[PDB]
Each structure stands twice: as structure tokens, then as C-alpha cells.
Amino acid sequence: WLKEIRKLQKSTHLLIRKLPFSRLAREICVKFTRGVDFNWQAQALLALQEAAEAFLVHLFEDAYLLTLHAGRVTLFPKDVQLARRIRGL
Amino acid sequence: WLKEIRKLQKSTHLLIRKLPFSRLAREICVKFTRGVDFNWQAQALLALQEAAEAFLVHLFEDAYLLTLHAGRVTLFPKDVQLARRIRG
Amino acid sequence: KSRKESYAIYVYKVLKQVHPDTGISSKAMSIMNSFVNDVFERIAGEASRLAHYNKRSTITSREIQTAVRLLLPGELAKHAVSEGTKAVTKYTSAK
Amino acid sequence: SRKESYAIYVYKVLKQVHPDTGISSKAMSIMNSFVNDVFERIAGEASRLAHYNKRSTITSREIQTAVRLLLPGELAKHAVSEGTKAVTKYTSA
Amino acid sequence: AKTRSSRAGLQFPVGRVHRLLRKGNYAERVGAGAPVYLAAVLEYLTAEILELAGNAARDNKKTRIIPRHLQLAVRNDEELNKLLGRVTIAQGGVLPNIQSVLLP
Amino acid sequence: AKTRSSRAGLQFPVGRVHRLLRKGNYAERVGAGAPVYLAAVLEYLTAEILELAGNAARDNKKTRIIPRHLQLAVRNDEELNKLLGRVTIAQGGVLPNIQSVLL
Amino acid sequence: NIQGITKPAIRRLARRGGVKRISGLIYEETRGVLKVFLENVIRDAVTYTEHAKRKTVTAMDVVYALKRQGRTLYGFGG
Amino acid sequence: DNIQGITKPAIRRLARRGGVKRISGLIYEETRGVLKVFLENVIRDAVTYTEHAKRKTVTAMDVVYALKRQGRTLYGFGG
DNA sequence: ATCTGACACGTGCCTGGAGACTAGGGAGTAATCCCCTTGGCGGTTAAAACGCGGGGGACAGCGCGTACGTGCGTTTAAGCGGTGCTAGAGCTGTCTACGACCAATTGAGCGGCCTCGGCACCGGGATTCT
DNA sequence: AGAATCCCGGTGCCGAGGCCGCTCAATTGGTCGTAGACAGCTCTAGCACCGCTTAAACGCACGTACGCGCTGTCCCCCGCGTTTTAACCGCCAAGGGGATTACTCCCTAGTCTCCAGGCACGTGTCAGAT
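Residues numbered from 1 in each chain as written, not as in the entry; some residues may be left out. Chains lettered and ligands numbered in written order. Heavy atoms only, no water.

For this deposited structure, the header cites cryo-EM as the method used and 3.9 Å as the resolution.

Chain H is annotated in the PDB entry as Histone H4 from Xenopus laevis. Under the UniProt heading Sequence similarities, the entry covering chain H gives this text: "Belongs to the histone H4 family." (UniProt positions renumbered as here; feature names shortened; annotations may be inferred.)

Under the annotation held in the PDB entry, chain B carries the name Histone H3-like centromeric protein A and is attributed to Homo sapiens. What UniProt states about chain B under its Sequence similarities heading is, verbatim, "Belongs to the histone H3 family."

In C-alpha cells, the structure reads:
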């Protein structure tokens, strides 16, 4: 739609809620660190999920540039995959 | 055409020639430097055209990934400028 | 405890120098002290790399001007270098 | 008037690895610049870690952490184990 | 005139950028034109980003500079966008963009 | 075994990288084991890229390693690719890639 | 627990970036790219922290692990 | 004249290296535009290096430093 | 199969590297207060979860016209070679000026209190696309 | 015309601005030694003017590969309405482990001194380009 477009482009918020992101980040750091666990500082996960949110926003915006280049309106996953392959990562 | 695709990939030469690139680079340095012309040392021009050829080949390959994405086979100029607009 | 170095107070008096009403919330103090740390790190890193490439061992005014004229974009470098040159000439107009 | 290089050591590593092939001088130049580029990367990250932890030495554990940052998956693990075996055979003398 | 910051016109602490250029292992001998030059260019960059954030702050009928004004003032100009072209400003959001082919 | 190279069991120099870690203003106090360790990691990277380029060099049947041998050995790995995803090897050529749909 | 970042939260992350219509197979793809990004950046954050002989991973270290990939974060003290 | 003097089959040989099947006839002005922008960037950085060093002959090692700076580094010329 | 030439290899020497020992301070190791981060119970609810109708768009098709590869004379400047030059790179020799460095001195700038107002939020008018 | 969406007033509340006591690093003054800034000599190679060759750019004929605008089939996201559920605030409790100081062994800068590793010269012989 359009009203949630301008509502989510006006808002300064954080768009994935904090606690499932914290469970995700702690599981991935237990995968490293020779098996044993760590503990995060209270705004380390805030730094991490602001960076993850800004990376997903820029990735989807560049893939949607590719989609309305390609003569569509939607976002098929090969747009995300190919725009990730062109930016040099 | 396929035979010059393979013949220009299997080769390892350089593709834009010596004197038109030297006159292009010397014009672009005359525009800077307060007017007073420098002396391009004659291996810096090989440095500069191998740099520019690496940039143009990577640009054309990424824009051609865009046009095999879009459905076509040719290479329109909007594919060049969009493949430059995505990569920064 | 521990004294911490921070550029909050200087950002605030440059702010009230520019337009004399608006104040800054503390997260913008945090963005501005991280910003002046990051620009200072870029210009000093280019400073040490130029004095390293040029087989010297000292950083002087000419070299920070070359670092600025490299790093910043088109017109921003021109007026930033003119600010540096007038600040240094007035500093040596005193001592 | 001297000017230093790395060509002799690259040649000694090559004719250790397999003893037939030699190197045309442009490949000496390329991987001369490659050794110098990898050196500047690892020591720049060395200086940045030992400045971020308020420390003042570049020692072996810090270089080991810098190598495990910069290199990819298997290459970091086996380059670190090779370096630890070199430091053991040094510091046993 | 018993500081050097307030001697050289500026408002930034040229003394501590001299201290950081010494104690931050850049070069051995740092001449006393270099940190005054460096804090001059930093005071100019802070003055430009804060002029832009300030006129955006007077535009949205407010009287603070919160981080979203800082995103809109480093992105609604072009040379500062070419300087800061990769960073992520905290709590900033994005600038309002909707492409053409989308709109009915 | 007076020189530290054949003390440390290596082939690169360790005096030269100790001189560079002192004079290249990285930090003041460069410890003892750090140039030996850094010469070891440089030796491993050089021995792996030259095993790869030497084997490509005898696969295309020439007796010496030329620059395109280095670019085939770099672009036909993936951890060496991620280490060198930016660099441009001069007189280098490209990797041969032709897709399936474009023909 | 990668499934925990919900499906309409991915939809709102899309609709911030100007998108109109979202496909159906996009959700496993954006969870994949999120897992790649998070695993690289906490690899470097863990490397800094377990270097410094410490266990509370501090936000200055995650700012450093964002700093070295070019994509540095402001506001948290780099 | 000189920018229209880097020839058109040189552009399409550059393209057929990358693996392109059909070249549109309008690509040539945009690729001269992107070549002129690239050379303005790297020649501004090389000129500022070799004018800081007070050295009126532009070397090759400073062009390599200019490429090493903006991140498309070049191997072969004393990097 | 052969030549055109450069990569591989041999002696002088010389600048940098190793050895032996000094001298100061840096980082290891322990120790104590305490910040704050994990962990776990009420309770409110905002938002996630989901079934189905409904049109919006993805996709195959197709025929029309349009612009691009390729053949073939035909010209145009690139490239190599002489070959002569002189600008400016590079080395080097003093020599002053400027930056480390020390020792005391003193506000500058920082932690902490603390009271104060800008905006978050709520509530009400009013205006008005599609 | 149904919510949509802009001024304005009211109420509250938690961050900001500002004052205030205070360590500590930033200035001032003086010593000094070494690094870079000019003269001055060499002398390598970047420029350039012309000649001769010739590989490549080029202009068009033209045939057709193929871009693309309009066509219909079908499926598949979006929105709506009920369900349900796990985040979130708030409280509480408690125990790592951060941080910061006190001590001190040893680990590296530094300096004299001897010596050989490596570079810079020449000289050969076969590696590859057609």
C-alpha cells in the first residue's frame, strides 16, 4: 500500500522487536567461541540490530531498483540475490 | 560473436591503444595542475590504461548480468548507468 | 572513576555560534563526537601515509592541506582548505 | 645506490615448492607487491588492535588475532597453526 | 591569550588534537601548524553539518537537533553525501523516496 | 645458525620485517615473537599461492609462472578470492566465463 | 530461532525501503542474508573481545567490527 | 575530439572481453562518459600526490597509490 | 626448427643484521568494590497468526518494425625506428630553524547535582481525497 | 462521505542547561640536536620531429535477430476478521566479572662491534613466437 510506506518512512523506530533478535545473536555467538557462551552489553545488541536493520533496508531498496528496472512491480528473490551479487560482497 | 569472445578472453593483452589513451590522459591532467603541464612517466600510462580497462570490463560484465536479468540480450546504456548506480 | 575525552562541549559552543536558539539532544552529541573522531582519524591516517610514502618523518601544515585536498569532495575541499589557511595565517599573525 | 626487494625469497620458496618452474620477472613484481600488501594489512590491523586496547606492544598473540580477523575460513586456521609452529621452533632456541 | 585555541580564531581544542597526533602513533615529529590546521578543518565541518541540521530543524517546527535531522542534513545535500557515503547514522530512518513506476 | 631465519625454521627474512615493524610507526615496542610470526604467515600465504600458480602453469604447459598463472590461481579459489576480491593484476587477463542462456 | 524474526516484521523492513509487493519465497532469502551478515559481524566482534581477555562483549567492539567492513555505525562511540 | 578519438571498436572489444552478445548503438557515449569520470578521479588523486611531492613528472608509483587509496588497488608497480 | 633476448647465475663489497650487556618501564598476576547483566514471576496488550475473497500482476504469445552484426573496398593514424634534446630526478653538502623534552604552574574541562521546559501524548476543531 | 489529516489547547515528565567543586594535562620558559630546506652537480629518460610501414578504423548494403506493445489465462499477494500468544513493563534478586590499583619480574629500546647476506655488476644458454 502507500500509507504504511509514508508511515514507515517517517518513523525513526526499530522495526524488528528486540528480544527475538537477541536470541538470534546469542545463538550465533554460542556457535563460535569454542562452544562456551558470552554475555552482551545492553546496547551491544542495539548496535547490532541497528546495523542489521539498515543493511536489510538498503538491500531491499537496491533490489527493488532492480525490479522496476526488470519490468515488474513485485520483489522476486532473484532480485535480492542478484543485487547482492553485483554490489561486490 | 562467439569466436572473438573466446579469443579476447584467452588473450591477456590490453585493448585500448597507446597514443589515444596518452593524449586523453594528458588532456585530463592539463585541465588540473593550474594549467602547467606535467610529464607522465611512460609506465604510468600503462598503469592508467590497465586500471581503466579493469574498470570498464568489470562495469560491462555487471551491466550484462543486469541485462540477462531483465530478459533482453543487448546492452542498453541505462544498464551501464544502473550497474554503476548500484555499486556505489 | 575515570576522566573521558569527548568533544561534546565544543560541538555545543559551535552550535550556539551558528544559530543562537536550537539545542542538541544527547544522541546528537554522540553522533557529533563520533563524527569528529572519524574525520580526524581519516585525515590523520592519510597524514601518516603521505609522510610515510614521501620518505619523510614529520607532519606539517602542507601535508595536512594535501590530506584535506585529497579526502573531501569537489567544493567542500576548496573552502575547507581556505578556512585552514586563514586560521593558520592568523595563528602566526599572533604567536 | 641500493634499493631493496623481496625477489630472492620468493624464488627460494618457489624452488622449494616444486623444483622445475621458475618465475618471469613480472610475476616477481606482482607478488613482491602482494607480499608488501599483505604485510601492510596485517601490521595496520596490528597497530589498530594494540591502540584500541590502550596497549603499546605488537606481540605474537596480537598478530595471531589480526591474522584470524583478516583471512577467510580455512586459510586463517592453517596460517595461524603454521605461525605457532614457527614460533615454537624459534623460542626453543 | 593564554591558550592557543583562542589564539588561532578557532573553538576546537588544538592542544588535544596535538596530543592525539603525538600519542596516536601517526608520525614522530608533528609541527605546530598541523594540529591548528586540523582542528580548523574539523571546526568547519562541524559548522557545515550543523548549519544544515539547524535549518532542517527550523523547517520541521522544532528546536532541537535529534538524529533524524542529522540523516536528512547529510543526505539532502550532495558533497556531504559523497563524504559520508557508507556510514549508518543511529536512530535515523531513511529519506522519503518512492520510485516513479510504482505510483498509479 | 646465527641468523634468525634459519633459527626460526623459515625462508622469509625476519630482520627485514622487524626493521619494518620498528621504522613503519605501527607501535613503539615490537615484541620478539611478532616478526617471526608475521614472516611465518607471509611464508604460508606465498607457498600456497605458488603451489596453485605452479600447478596451473604446468597444466597449460609452460615452464615458468607468468602473471596470468597468478590470476588463474587467485580467481580459481574462494578463500584466496575473498582475500583478493579487489586487486587488479597487471597484464592479467580475465577469468573465462560465458553463461548458458546468452548463447 | 532464526524463524523468530517474524514475517510481517520482514514486511515492514521491506516497506521502509519503498517496496510495494513482496513475493512468497523472499522470506527464506532474507533470513539467509540476515544470517550471513550477523554471522560475519559477530565473528569479528567475538575475535576482538576474546582477544582482550574479556567476556561482556561491549558495544565499542561491535562498532569496531562494523568499522572494519567500511559500513561503520555512528552514535555509539567509535 | 580526443575523447571521441578513443575508437568505437575499442569499446566493443572491451565489451566482448566481458562476454556481451549484443552492443546497442547508444552505449558508446555513456561509456565515454564513465571513462572520463574515472580518469578525472584518478588523475586528480595522482596529480595531488605528485604535486605534494614537488615532482613535476608523474611517476607510476603515485598512480598506484591513487588506486590503492580509493580501493581498486593495482599489483605490479611497487605497491 | 630456429632466432631474439632475458632469466638464471658468478664475484666485490658493503651496508645492515646478529651478539653481549645495560637500564627503565610495561604488562603479568593478584585483590577488592561494585556495576550491571542474567534469570525469573505478575498482567496488559499490541501485534503476530491465519482462512478466504478479491482483483492485480506474472507470464506466454505474436506480429510489426527497427536497429545491430557482418562483408567489402577504402582510407587514417598507430607503431617502430632514428636520433637529438634538455628538462628535472636524484644525490649530496652544509646549516639554520623548529620540534622533542623537562620542570612548574594554572585554569580547562569534567563528574555530579538539580531544577527546569520541549516535546510526547491526549484531546478537541475542521477540512475533504477517491 | 469515512476516515484522513492538518491546526491549537491541556497535562505531565524526564532529559538538558547550567552551576559548582575539583584533578590533571596544557601552557610558558629554556635547552638542544637533527631533519629538512635550500645550492650545486650529474645525467636518465620523457619529449618530439620526421620517415616508412601497415594493421586497424571506417562507411555503407543489407539481411535478419530481436525489442516490444498489445493480447489473453491463471495464480497468487493483500486485505479483512477473528484467534491466540509471546513480547514488554515492572519488580525483584543475585552473582559474575569489569574495572581499577598495588607490586615487580622480565622484555625490549639502546649502544658498541664484528661480520656475512644480499644486492649490484657482468656473462651465458636455452624458452618461446611463427
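Here the narrative resumes, following the displayed structure.
As a further point, take the protein's contact with DNA strand J. In the region of DNA strand J, 62 residues are neighbours, and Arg26(B), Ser26(C), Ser57(C), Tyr9(D) and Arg13(H) sit closest. The protein-proximal atoms of DNA strand J, defined as those within 4 Å of the protein, are 97% sugar or phosphate. For DNA strand J, a phosphate oxygen lies 2.5 Å from a polar atom in the backbone of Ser26(C). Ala32(F) is positioned such that a nitrogen or oxygen atom in its backbone is 3.2 Å from a phosphate oxygen of DNA strand J. For the surface near DNA strand J, the elements supplying multiple residues, two or more each, are helix 2 (18–31) of chain A, strand 1 (39–40) of chain B, strand 1 (23–24) of chain C, helix 1 (7–17) of chain D, helix 1 (14–23) of chain E, strand 1 (29–30) of chain F together with helix 1 (8–18) of chain H. (Near = heavy atom within 4 Å. Polar contact = N/O pair within 3.5 Å; in protein donor to acceptor, adjacent residues only side chain to side chain. Helix = DSSP H or I, 4+ residues; strand = E, 2+ residues; numbered from the N terminus.)

This brings us to the protein's contact with DNA strand I. With respect to spatial proximity, 63 residues lie near DNA strand I, and among them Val73(A), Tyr10(C), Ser56(D), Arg12(G) and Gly25(H) are the closest. Counted by atom, the contact set of DNA strand I within 4 Å of the protein is 98% sugar and phosphate. Between DNA strand I and the protein, one listed contact pairs a phosphate oxygen with a backbone N or O atom of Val30(E) at 3.1 Å. Of all the secondary structure elements, the ones that give two or more residues to the surface near DNA strand I are strand 1 (39–40) of chain A, helix 2 (19–31) of chain B, helix 1 (8–18) of chain C, strand 1 (22–23) of chain D, strand 1 (29–30) of chain E, helix 1 (7–16) of chain G together with helix 1 of chain H. Classifying every residue of the surface near DNA strand I by side-chain character gives 15 nonpolar, 18 polar and 30 charged. (Nonpolar A, V, L, I, M, F, W, Y, C, P; charged D, E, K, R; others polar.)

All right, on to the packing of aromatic side chains then. Counted under the stated rule, the structure contains eight aromatic pairs over all chains. Taking the centre distance of 6.5 Å and the plane angle of 75° together, the rings of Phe35(C) and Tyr74(G) count as edge-to-face. Placement of the pair is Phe35(C) in helix 2 (residues 26–53) and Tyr74(G) in the segment after helix 3 (59–67), with the two residues belonging to separate chains. Note on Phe35(C): relative accessible area 1%, which makes it buried. Between the aromatic rings of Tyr52(D) and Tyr64(G), the centroid separation amounts to 3.9 Å while the plane-to-plane angle is 15°, which identifies the pairing as stacked. Remark: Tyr64(G) occurs in helix 3 and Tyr52(D) occurs in helix 2 (residues 25–52); the pair is interchain, linking two chains. (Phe/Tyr/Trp six-rings, centres within 6.5 Å; stacked < 30°, edge-to-face > 60°. Buried < 20%, exposed > 50% of the residue type's maximum accessible area, 1.4 Å probe, protein only.)

Evaluation of the coordinates by the stated rule reveals 22 salt bridges over all chains. The partner of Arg17(H) in a salt bridge is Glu53(B), and the shortest N-O contact between them spans 3.1 Å. Of this pair, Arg17(H) sits in helix 1 while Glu53(B) sits in helix 3 (residues 44–70), placing the two residues on different chains. There is no split in this pair, since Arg17(H) and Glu53(B) are both buried. With its nearest N and O atoms 3.1 Å apart, the salt bridge here joins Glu45(D) to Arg48(D). Taken together, the residues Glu45(D) and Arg48(D), both in helix 2 and three residues apart, mark about one turn of the helix. The class for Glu45(D) is buried, based on a relative accessible area of 7%. Of the residues examined, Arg48(D) reaches a relative accessible area of 22% and is grouped as partly exposed. (Salt bridge = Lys/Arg side-chain N within 4 Å of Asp/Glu carboxyl O.)

The subject of this paragraph is the environment of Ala51(A). Looking at the element boundaries, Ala51(A) is found in helix 3 (residues 44–69). Not counting residues up to four positions away in its chain, the partners in contact with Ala51(A) are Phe37(G) and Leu66(G). (Contact = heavy atoms within 4.5 Å.)

Extensive coverage of helix 3 (residues 67–75) of chain E is indicated by the burial of eight of its nine residues. Here the buried face of helix 3 of chain E lies against helix 1 (3–10) of chain A, helix 2 of chain C together with helix 2 (34–59), strand 2 (64–65) and helix 4 (79–83) of chain E.

Right, let's talk about the interface of chain E and chain A for a bit. Quoted interface sizes are often the accessible area lost when the parts come together. Counting from both sides, the interface comprises 13 residues of chain E and, opposite them, 14 residues of chain A. Of the roughly 1200 Å² buried at the junction of chain E and chain A (both faces included), carbon and sulfur atoms supply 58%. It is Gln91(E), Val94(E) and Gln99(E) in chain E that bury the most area against chain A; as a group they hold 39% of the surface buried on that side. For the pair chain E and chain A, the number of links is zero salt bridges. Put simply, chain E and chain A have four residue pairs in polar contact between them. (Buried area = accessible area lost by both parts, 1.4 Å probe.)

On to the arrangement of the chains, then. The structure contains 16 pairs of chains in contact, of which chains C and E account for the largest number of contacts. In this structure chain B stays clear of chain G, and the shortest span between their C-alpha atoms is 12 Å.

Taken together, the contact between chain E and chain C spans 53 residues of the former and 53 residues of the latter. Carbon and sulfur atoms make up 74% of the area that chain E and chain C hide from each other, which totals about 4900 Å². Broken down residue by residue, the surface that chain E buries against chain C is led by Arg7(E), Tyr26(E) and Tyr37(E), which jointly contribute 15%. Counting across the interface, chain E meets chain C through zero salt bridges. Summed over the shared surface of chain E and chain C, the result is eight residue pairs in polar contact. Elements that contribute at least two residues to the side of chain E that touches chain C include exactly helix 1, strand 1, helix 2, strand 2, helix 3 and helix 4 of chain E. The element contributing the most residues to the side of chain E that touches chain C is helix 2 of chain E, with 18 residues.

With that out of the way, let us pick up helix 3 (residues 33–59) of chain F. Residues and elements named next belong to chain F. The terminal C-alpha atoms of helix 3 lie 39 Å apart, and with 27 residues this matches the ideal 39 Å at 1.5 Å per residue to within 8%. Where burial is concerned, most of helix 3 is hidden: 22 out of the 27 residues are buried. At the C-terminal side of helix 3, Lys61 shows a positive phi close to 60°. (Expected span 1.5 Å × (residues − 1).)

Ranked by internal contacts, the top residues of the largest apolar core, which has 115 residues, are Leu48(A), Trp40(B), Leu48(B), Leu38(G), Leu39(H) and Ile43(H). Top element by residues in this core is helix 3 of chain B. It accounts for 15 residues. For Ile43(H), the contacting residues outside a window of four places in its chain are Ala25(B), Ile28(B), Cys29(B), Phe32(B), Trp40(B) and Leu48(B). Counting 67 residues, the second largest nonpolar core, distinct from the first, contains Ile63(D), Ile49(F), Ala53(F) and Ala57(F). (Core = buried A, V, L, I, M, F, W, Y, C linked by side-chain atoms within 4.5 Å.)

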